[PDB]
Amino acid sequence: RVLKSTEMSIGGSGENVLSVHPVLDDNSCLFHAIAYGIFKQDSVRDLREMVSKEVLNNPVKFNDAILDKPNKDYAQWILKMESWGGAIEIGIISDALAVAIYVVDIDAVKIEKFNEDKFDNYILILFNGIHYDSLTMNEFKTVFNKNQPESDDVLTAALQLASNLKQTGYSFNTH
Amino acid sequence: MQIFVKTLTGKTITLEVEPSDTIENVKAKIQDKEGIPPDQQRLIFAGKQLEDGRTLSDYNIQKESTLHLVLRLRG
Numbered sequence: 092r093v094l095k096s097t098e099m100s101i102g103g104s105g106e107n108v109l110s111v112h113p114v115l116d117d118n119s120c121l122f123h124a125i126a127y128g129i130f131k132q133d134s135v136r137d138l139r140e141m142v143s144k145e146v147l148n149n150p151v152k153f154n155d156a157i158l159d160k161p162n163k164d165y166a167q168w169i170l171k172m173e174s175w176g177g178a179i180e181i182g183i184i185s186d187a188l189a190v191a192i193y194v195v196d197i198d199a200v201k202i203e204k205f206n207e208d209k210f211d212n213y214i215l216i217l218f219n220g221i222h223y224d225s226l227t228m229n230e231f232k233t234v235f236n237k238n239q240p241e242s243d244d245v246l247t248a249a250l251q252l253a254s255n256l257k258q259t260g261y262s263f264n265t266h
Numbered sequence: 001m002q003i004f005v006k007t008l009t010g011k012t013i014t015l016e017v018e019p020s021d022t023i024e025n026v027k028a029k030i031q032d033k034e035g036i037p038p039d040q041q042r043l044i045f046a047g048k049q050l051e052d053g054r055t056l057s058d059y060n061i062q063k064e065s066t067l068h069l070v071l072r073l074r075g
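For the protein sequence lines, the chains are C and D, in the order given. The authors' numbering numbers the first residue of the first sequence as 92 and each following residue consecutively. The authors' numbering numbers the first residue of the second sequence as 1 and each following residue consecutively.
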């Protein structure tokens, strides 16, 4: 078989395939992407609220300068379905679910890791600059473990996939 | 000179800089060590949002000063 543009071979074994799992293009795609990786059953409400809660409950770490916004404002703001999640949400969600979250950054051709040295299990979400999707192996596995050999083959696959997607113009970016 | 950068994900990281290094240089140094694009980086020292153009001496950042790094990545 010949792979689709959203797919990438993993390792030389030839059995395994990494692929984009596209999520709804609304304003909460970051949450769809994480929810798919971890719960495989869409949640956005629960995810937004846990971020907002953690923010309220620790104004010292998440102080106004860190947040670029008054602690109380951001807690309210991130509860709105039109508010775009980003690094701050990822960090909190990662902590709270004891799973690392790796952003496969298409425009940068880099992988930005969150909590990779606290948690050995991780998911991959695919960031095209304005949108998030999820990444699966063989369309059934979404949680990987950085201590297994498969893991490097997977990360290598993610990078090539990112590279292919950037080349074919699915990148966009904003800064 | 040696300064520290702490992330919201509990990571502490040691840079080697100079008072005349710009925040940009520091951001590049962070890219080189952590693989994060500078355009996705916000740096904070002493409740200030540091600007790409100013230098480290401008913010009195010196030996064993700790910087805070927050990413963007909004989608």
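Virtual Cβ for every residue (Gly too), placed ideally from N, Cα, C.
Using the beta-carbon of each residue, which ones in chain C are nearer than 9 Å to D:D32?
Numbered from its first residue, the second sequence carries residue 32 of chain D at position 32. None at all; the shortest Cβ gap to chain C is about 12 Å.
Starting from the N-terminal side, write out each stretch of the beta strand (DSSP E) that is 3 residues or longer and does not extend beyond the stretch 189-222 of chain C.
Scanning the stretch 189-222 of chain C from its first residue to its last, the whole beta strand (DSSP E) runs of 3-plus residues come out as 191-196, 201-205 and 212-218.
In the DSSP assignment, the alpha helix (DSSP H) including C:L158 goes from what residue to what residue?
For this step, residue 158 of chain C is matched to residue 67 along the first sequence. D155 to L158 is the extent of the alpha helix (DSSP H) around C:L158.
Relative to the alpha-carbon of D:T55, which residue among D:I13, D:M1 and D:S20 has its alpha-carbon at the smallest distance?
As a working note, residue 55 of chain D is residue 55 in the second sequence. Of the residues D:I13, D:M1 and D:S20, the one whose Cα lies closest to the Cα of D:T55 is D:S20.
Which chain C residues are close to D:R72, counting only those with a beta carbon under 7 Å from its beta carbon?
Counting from 1 along the second sequence, the entry for residue 72 of chain D is found at position 72. Residues of chain C passing the Cβ test: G177 and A178.
In terms of DSSP beta bridges, what is C:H112 paired with?
The residue given as residue 112 of chain C occupies position 21 in the first sequence. Looking at the DSSP assignment, C:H112 forms a beta bridge with C:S225.
Taking only beta-carbon atoms, is D:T9 less than 8 Å away from chain C?
As a first step, residue 9 of chain D is located in the second sequence; it is residue number 9 there, counting from the start. Output row for D:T9: interface = yes.
Nearest-angstrom Cα distance between C:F235 and C:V195?
The residue you call residue 235 of chain C lines up with position 144 of the first sequence. The residue you call residue 195 of chain C lines up with position 104 of the first sequence. If I take the Cα positions, the gap works out to 14 Å.
In terms of alpha-carbon separation, which member of D:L69, D:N60, D:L71 and D:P37 lies closest to D:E18?
Counted from its first residue, the second sequence places residue 18 of chain D at position 18. By alpha-carbon distance to D:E18, the top candidate from D:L69, D:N60, D:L71 and D:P37 is D:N60.
Is C:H266 close to chain D? Criterion is C-beta to C-beta, closer than 8 Å.
Here residue 266 of chain C corresponds to residue number 175 of the first sequence, with the count starting at 1. At least one CB of chain D lies nearer than 8 Å to the CB of C:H266.
What's the call for C:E230, buried or exposed, on a 16-neighbour Cβ count within 10 Å?
Here residue 230 of chain C corresponds to residue number 139 of the first sequence, with the count starting at 1. It counts as exposed.
Indicate the three-state DSSP secondary structure (helix, strand or coil) for D:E51 in the structure shown.
Within the second sequence, residue 51 of chain D is the residue found at index 51, counting from 1. Coil, per DSSP.
C:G128 at chain D interface by Cβ criterion, 8 Å:
In the first sequence, residue 128 of chain C corresponds to position 37, counting from 1. Not closer than 8 Å to any Cβ of chain D, the Cβ of C:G128 fails to qualify, so no.
Are any of the Cβ atoms in chain D nearer than 8 Å to that of C:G102?
Taking the first sequence and counting its residues from 1, the one referred to as residue 102 of chain C is at position 11. Not an interface residue.
If we cut at 8 Å on Cβ distances, does C:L121 have a partner in chain D?
For the purposes of this step, residue 121 of chain C is identified with residue 30 of the first sequence, where counting begins at 1. Yes, because at least one Cβ of chain D sits closer than 8 Å to the Cβ of C:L121.
Give every residue of the same chain whose Cβ lies closer than 7 Å to the Cβ of C:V245, excluding the five residues on either side of it in the sequence, and list them in chain order.
In the first sequence, counting from the first residue as 1, residue 245 of chain C sits at position 154. For C:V245, where only same-chain residues beyond five positions count, the Cβ hits under 7 Å are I101, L109, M228 and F235.
Would you call the stretch 182-190 of chain C in contact with the stretch 237-256 of chain C, where contact means no fewer than 3 C-beta pairs closer than 8 Å?
Not touching, per the Cβ criterion.
Length of the line joining the Cα atoms of C:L170 and D:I13:
Residue 170 of chain C sits at position 79 when you count from the first residue of the first sequence. Residue 13 of chain D sits at position 13 when you count from the first residue of the second sequence. Spanning the two alpha carbons is a distance of roughly 32 Å.
In this structure, does DSSP put D:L15 in helix, strand or coil?
Counting from 1 along the second sequence, the entry for residue 15 of chain D is found at position 15. Here D:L15 sits in strand by DSSP.
Between C:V111 and chain D, is there a C-beta pair that is closer than 8 Å?
Walking along the first sequence from the start, residue 111 of chain C turns up at place 20. No, its Cβ sits nowhere closer than 8 Å to a Cβ of chain D.
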